[PDB]
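# Survey of secondary and tertiary structure
The residues making up each chain are set out below.
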Amino acid sequence: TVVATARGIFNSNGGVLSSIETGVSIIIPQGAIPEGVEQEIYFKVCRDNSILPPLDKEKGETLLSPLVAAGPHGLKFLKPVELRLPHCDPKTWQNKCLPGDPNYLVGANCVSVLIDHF
């Protein structure tokens, strides 16, 4: 329970993989996947590590956030795909940053992480 899973195929056209049940999402910028191809991408986000529902362990699990298992371990990309996950830690904003600049913290709600090799 309390688990959010999202499985779906992508293409060079572009798309996104988001799980409202959790929040984490994955944007596929036009160019991450080759044309005339279908890249099956999925992932499961959840606060519980033991409550994780069986998806595809033997297939290959690639953890990203506190507990988020991407699709099959080993999925190259021809473009830095956008991945967003909850940080849950305000210790990456206050560090000699700009007092009048939003960049000093306007990125705590979600961690912008690019993936070019699963």
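Residues numbered from 1 in each chain as written, not as in the entry; some residues may be left out. Heavy atoms only, no water.

If you check the header, you'll see the entry was determined by solution NMR.

Moving on, we get to the overall build of the chain. When helices and strands are counted, the chain shows zero helices and seven strands. In terms of overall dimensions, the chain has C-alpha extents of about 45 × 35 × 20 Å along its principal axes. By the burial criterion, 31% of the 118 residues in the chain qualify as buried. Within the chain, contacts between residues at least 6 apart in sequence are counted, and of these 60% link residues at least 24 apart. A total accessible area of about 7600 Å² is found for the chain, and carbon and sulfur atoms account for 51% of it. (Helix = DSSP H or I, 4+ residues; strand = E, 2+ residues; numbered from the N terminus. Buried < 20%, exposed > 50% of the residue type's maximum accessible area, 1.4 Å probe, protein only. Contact = heavy atoms within 4.5 Å. Areas by Shrake-Rupley, 256 points an atom, 1.4 Å probe, with all protein chains shown as cover.)

So, on to the environment of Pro-99. For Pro-99, the location among the structural elements is in the loop between β6 (76-85) and β7 (111-117). Relative accessible area serves as the criterion here: at 75%, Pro-99 is assigned to the exposed category. Considered as a pair, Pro-99 and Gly-31 are 68 residues apart in the sequence and their alpha carbons are 37 Å apart.

With that settled, consider the pattern of salt bridges. Evaluation of the coordinates by the stated rule reveals two salt bridges. Residues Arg-84 and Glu-82 are paired through a salt bridge, measuring 3.4 Å at the closest nitrogen-oxygen approach. On the accessibility criterion, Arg-84 (32% relative accessible area) is partly exposed. Two residues, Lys-91 and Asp-89, come together in a salt bridge whose shortest N-O distance is 3.2 Å. (Salt bridge = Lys/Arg side-chain N within 4 Å of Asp/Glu carboxyl O.)

Here the focus is the nonpolar core. Among the nonpolar cores identified, the biggest contains 21 residues, and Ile-28 and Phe-43 are the most heavily contacted of them. Where this core is concerned, the elements lending two or more residues are β1 (3-10), β3 (25-28), β4 (39-46), β6 and β7. Once residues lying within four places of it in the same chain are set aside, the contact partners of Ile-28 are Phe-10, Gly-14, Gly-15, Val-16, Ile-33, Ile-41 and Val-81. (Core = buried A, V, L, I, M, F, W, Y, C linked by side-chain atoms within 4.5 Å.)

For strand β2 (residues 15-18) and β3, the ladder comprises four bridges, and the chain directions are antiparallel. From the neighbouring strand, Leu-17 faces β3, where its bridge partner is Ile-26. With three bridges connecting them, β3 and β6 associate as antiparallel partners. Bridging across to β6, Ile-26 finds its partner in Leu-83. (Pairing = 2+ DSSP bridges.)

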